[PDB]
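Structural overview
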Amino acid sequence: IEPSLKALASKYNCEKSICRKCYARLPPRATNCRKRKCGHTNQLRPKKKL
Amino acid sequence: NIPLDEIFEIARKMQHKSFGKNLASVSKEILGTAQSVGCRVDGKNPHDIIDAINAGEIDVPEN
Amino acid sequence: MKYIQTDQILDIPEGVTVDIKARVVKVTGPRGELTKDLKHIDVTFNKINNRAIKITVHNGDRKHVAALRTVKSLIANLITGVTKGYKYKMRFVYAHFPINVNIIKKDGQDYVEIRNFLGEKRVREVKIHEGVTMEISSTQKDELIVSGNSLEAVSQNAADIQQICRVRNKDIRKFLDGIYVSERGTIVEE
Amino acid sequence: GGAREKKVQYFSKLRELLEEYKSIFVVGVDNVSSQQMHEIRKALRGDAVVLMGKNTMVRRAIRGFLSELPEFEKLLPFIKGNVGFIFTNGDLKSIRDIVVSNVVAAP
Amino acid sequence: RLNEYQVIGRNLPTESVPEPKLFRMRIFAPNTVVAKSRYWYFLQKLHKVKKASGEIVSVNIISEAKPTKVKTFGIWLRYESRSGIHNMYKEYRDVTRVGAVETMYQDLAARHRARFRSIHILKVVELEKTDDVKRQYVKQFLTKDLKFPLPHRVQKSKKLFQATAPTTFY
RNA sequence: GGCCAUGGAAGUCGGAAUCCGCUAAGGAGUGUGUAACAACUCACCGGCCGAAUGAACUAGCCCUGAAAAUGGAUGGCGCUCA
Ligand SMILES: [Mg+2]
Ligand SMILES: [Mg+2]
Ligand SMILES: [Mg+2]
Ligand SMILES: [Mg+2]
Ligand SMILES: [Mg+2]
Ligand SMILES: [Mg+2]
Ligand SMILES: [Mg+2]
Ligand SMILES: [Mg+2]
Ligand SMILES: [Mg+2]
Ligand SMILES: [Mg+2]
Ligand SMILES: [Zn+2]
């Protein structure tokens, strides 16, 4: 993948934040989880990279 | 120590660095990284020689 | 807090004639007409002039107030859909297996046919929504142009194409293959 | 306060030499690197001054200074948009000669 | 349904002090039996006096000065919650000082589960200047030429059945 | 291209350091990218719109926390400006 296309793909697959209790895939700038099952927690962490 | 009179030459030597309004600011800049590792810089560490020089210790108007 | 009154101002460009009656908005412009029913929202409309419309919510709570600027934005998107159009550009992203994309017509319906995606023998078919135009870009290699008056249909068809090309049982950080929306603009450039 | 110190400080040197130097003029710039400026300064150690700052504040501090040097009386509705400040005391011919250049302009 | 009372009391005179100082309180109470009780409740929060060692001197109703002039009142409160003791300040629109206090008791009952027993009224003040108004939910009614409709009118019927379709215009 | 480590690390591998100068602005640097630079993005200061904004805390209702065995009990129906 050319770097221009690899950044486009990374925008949807990699550039995310993850809820620490229910593993939801959240926007990188999210402050709370959107799922009700975890209580809209603020305990987030960035999605890990290769 | 090693401030000597020959460090004021490194100023005119590297007189192509900090455009510091007055040439003494070259020394000031030169010294500014002299603490990078920290050595025998006037038998001490910079930020005490430099900072004080800006505060007004002796006087080196150097033309 | 029950805000006493909240207002938003629609702006109608020169060639556009909005027409509202009983929360059914019909926006007419050079590019055509679009209509939308808002019977699920409690809003009222006042025609300020031929170029401006007041949109009002009376005595609305926090969530019911939240539903007001979204009405404004939807009608503005209608206006720019009938005066400028919408255009989404998609780039075909693959590491090894080229994606063979065709515009087919089966059963009298237009379909987007994805083949060889990640080497699969499966043939993916995405129905092309009404009012949505597909085109294979000639000026760009591996580019799809999704265009139309309605932003909702265009973006949702684009999303269908993107979602059908998801990677299963792999590390998607490494296996970045898929079809992704690369550019969101308008038919009329600005 | 904190910033108001530096705020009134920017309003300190803002004048002082103001009366000392002569009537200045426009000083417009855009997309100018920091090195760019830095060098221009060297070309003006004593040739001129290279004052810079915000737009609205720069008015205010002096917009009311119509008591110490009223003179202006109207020499203010000219700081519009990106606007710096370059002092001087010489002649018009010896003005752009000691600036301009230092160009990185391009597409 | 409340009234505002002026209650005046004093310590019982002694041969040492034959004219103790007279203290007045403004009490919002439903009747005069509770008005004199609340007085002793608050004096024993402040002064070395009791109902047994004291004497009620005067109880008078305080009527609104302009009961048909629309005002904005600020009320300062000190209430007890399930966890602690808190100070609060709130604002109300009404024509009588008593009617704003009735709304206050309903209001802290509804949003904080604060019972009548858990509330101390520190001060009720009529706000003279429009700049004196701090709260949004009453400041929005101080705008010039305020108009608003009342959509979705529900009509109460005396009969169970109506032969024509319902309407909510108004 | 700061020092030292380092095959290379030049801000973005790792350690003493956290300074100076011009500045209104810039960290010996918050990231994506390189074998490494470069490159772009930030931190902060600018132009622009112009009236409000941010942070911490308290307690009400609601949600999560909240997993057991016949199908089933606010008494039942049902009830959402109740
Ligand atoms: Mg972590
Ligand atoms: Mg898996
Ligand atoms: Mg695996
Ligand atoms: Mg300014
Ligand atoms: Mg209220
Ligand atoms: Mg009928
Ligand atoms: Mg409470
Ligand atoms: Mg349970
Ligand atoms: Mg059972
Ligand atoms: Mg139940
Ligand atoms: Zn979650």
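Reading the values: the criteria
- Residues numbered from 1 in each chain as written, not as in the entry; some residues may be left out.
- Chains lettered and ligands numbered in written order.
- Part of a larger assembly, values for the part shown.
- Heavy atoms only, no water.
- Contact = heavy atoms within 4.5 Å.
- Pairing = 2+ DSSP bridges.
- Helix = DSSP H or I, 4+ residues; strand = E, 2+ residues; numbered from the N terminus.
- Axes fitted to C-alpha atoms, helices over the stretch in contact; angles between N-to-C directions.
- Buried area = accessible area lost by both parts, 1.4 Å probe.
- Salt bridge = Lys/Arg side-chain N within 4 Å of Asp/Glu carboxyl O.
- Polar contact = N/O pair within 3.5 Å; in protein donor to acceptor, adjacent residues only side chain to side chain.
- Nonpolar A, V, L, I, M, F, W, Y, C, P; charged D, E, K, R; others polar.
- Near = heavy atom within 4 Å.
- Buried < 20%, exposed > 50% of the residue type's maximum accessible area, 1.4 Å probe, protein only.
- Patch = residues over 30% accessible without salt bridge, like charges linked within 9 Å, V, L, I, M, F, W, Y side chains within 5 Å.
- Areas by Shrake-Rupley, 256 points an atom, 1.4 Å probe, with all protein chains shown as cover.
- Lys, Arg positive; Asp, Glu negative; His and termini not counted.
- Charge placed at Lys NZ, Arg CZ, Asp CG, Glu CD.
- UniProt positions renumbered as here; feature names shortened; annotations may be inferred.
- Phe/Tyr/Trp six-rings, centres within 6.5 Å; stacked < 30°, edge-to-face > 60°.
- Core = buried A, V, L, I, M, F, W, Y, C linked by side-chain atoms within 4.5 Å.
- Disulfide = S-S within 2.5 Å.

Method of structure determination, per the deposited record: X-ray crystallography was used for this entry, reaching 3.50 Å resolution.

Attention shifts here to the arrangement of the chains. Among three pairs of chains with at least one contact, chains A and C form the most extensive contact set. For the non-touching pair chain C and chain D, the nearest C-alpha separation works out to 20 Å. Between chain A and chain E there is no contact, and the shortest C-alpha to C-alpha separation is 23 Å.

Residues and elements named next belong to chain C. Spatially, three strands are ordered β8-β9-β10 in an open sheet, and the strand pairing comes out antiparallel. Where the open sheet ends on each side, the last strands, each with one partner, are β8 (100–106) and β10 (124–127). Averaged over all neighbouring strand pairs, the angle between strand axes comes to 30°, with direction disregarded. Relative to strand β9 (residues 109–115), β8 runs antiparallel, the two sharing seven bridges.

What follows is about the interface of chain A and chain C. When the parts come together, some accessible area is lost, and that loss is often what is quoted as the size of the interface. Counting residues at the interface gives 14 residues for chain A, matched by 16 residues for chain C. Here chain A and chain C share an interface that buries about 1400 Å² over both sides, 67% of which is from carbon and sulfur atoms. For chain A, the biggest contributors to the area lost against chain C are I1, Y12 and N13 of chain A; these three give 36% of the whole. There are zero salt bridges connecting chain A and chain C. Counting across the chain A and chain C interface gives five residue pairs in polar contact. Examining the composition of the side of chain A that touches chain C, we find that eight residues originate from one element, helix α1 (residues 3–13) of chain A, more than from any other. For the side of chain A that touches chain C, the residue count by class is seven nonpolar, two polar and five charged.

In this section: the protein's contact with RNA strand F. Lining the immediate environment of RNA strand F, one finds 35 residues, of which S18 of chain B together with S34, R41, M52 and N55 of chain D sit closest. A share of 79% of the atoms of RNA strand F within 4 Å of the protein falls on sugar and phosphate groups. One nitrogen or oxygen atom from the main chain of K28 of chain B is found 3.3 Å from a sugar or linking oxygen belonging to RNA strand F. Partitioning the surface near RNA strand F into residue classes produces four nonpolar, 19 polar and twelve charged.

With that out of the way, let us pick up the side chain of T56 of chain C. All names here are of chain C. Within the element layout of this structure, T56 appears in strand β6 (residues 52–60). There is a polar contact of 3.1 Å between the side chain of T56 and the side chain of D7. When sequence neighbours within four positions are dropped, the list of residues in contact with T56 reads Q5, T6, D7, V43, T44, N46 and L68.

Regular strands place side chains that alternate from one sheet face to the opposite one. Residues and elements named next belong to chain C. By the criterion of burial, strand β12 (residues 143–148) is predominantly enclosed, with six of the six residues buried. The side-chain alternation of β12 yields two buried faces, one formed by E143, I145 and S147 and the other by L144, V146 and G148. Across six bridges, strand β7 (residues 86–93) lies against β12 in antiparallel orientation. The residue of β12 that forms the bridge with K89 is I145. Relative to β12, strand β11 (residues 132–136) runs antiparallel, the two sharing five bridges.

Quick look at a negative patch on the surface now. On the surface, a cluster of negative charge is contributed by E19, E20, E68 and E71 of chain D. Within the secondary structure, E71 of chain D sits in the loop between α4 (56–63) and β2 (85–86).

Residues and elements named next belong to chain A. The UniProt record annotates "binding site: Zn(2+)" at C19, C22, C33 and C38. For the annotated residues, spread through 20 residues, the largest C-alpha to C-alpha distance comes to 8.9 Å, consistent with a single compact locus. Here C22 is to be found in the loop between β1 (17–19) and β2 (25–26). You can call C22 buried: its relative accessible area is 16%. Excluding residues within four positions of it along the chain, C22 makes contact with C33, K35, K37 and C38. Looking at the secondary structure, you find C38 in the loop between β2 and β3 (44–46).

Attention now moves to the packing of aromatic side chains. Residues and elements named next belong to chain E. Throughout the structure, instances matching the rule amount to seven aromatic pairs over all chains. On the numbers, 4.6 Å between centres and 35° between planes, the contact of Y105 with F116 is tilted. Within this pair, whereas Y105 is found in helix α2 (residues 97–112), its partner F116 is found in the loop between α2 and β6 (119–126), the two being separated by eleven residues in sequence.

Residue and element names in this part refer to chain E. The antiparallel open sheet is built from three strands, whose spatial order is β5-β4-β6. Two strands in the sheet have a free side with no partner beyond their single neighbour: β5 (85–94) and β6. Within this sheet the neighbouring strands show an average axis-to-axis angle of 20°, counted without direction. Here strand β4 (residues 71–80) runs beside β5; their pairing, made up of ten bridges, is antiparallel. Considered in β5, the bridge of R78 is made with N87.

Turning next to the nonpolar core. Within the largest apolar cluster, 32 residues are counted, with the highest numbers of intra-cluster contacts made by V112, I114, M134, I161 and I179 of chain C. Elements with a minimum of two residues in this core: α1 of chain A together with β7, β9, β11, β12, α2 (151–164) and β13 (178–185) of chain C. When near neighbours in sequence (up to four residues on either side) are disregarded, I114 of chain C contacts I99, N100, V101, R122, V123, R124, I161, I164, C165 and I179 of chain C. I12, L34, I53 and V71 of chain C belong to the second-largest nonpolar core, a separate cluster that totals 20 residues.

Attention now moves to the state of the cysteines. For the structure shown, the criterion picks out zero disulfides over all chains. A disulfide-free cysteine, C165 of chain C has its sulfur positioned 17 Å from the sulfur of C14 of chain A, the nearest such atom. Owing to a relative accessible area of 2%, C165 of chain C belongs among the buried residues under this scheme.

It is worth spelling out the environment of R26 of chain E at this point. Residue and element names in this part refer to chain E. Residue placement: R26 occurs in strand β2 (residues 23–29). Between the alpha carbons of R26 and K36 there is a distance of 11 Å; along the sequence they are ten residues apart. Apart from the residues within four sequence positions on either side, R26 is in contact with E4, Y5, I62 and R97. Polar side-chain contacts of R26 include one of 3.1 Å to the side chain of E4.

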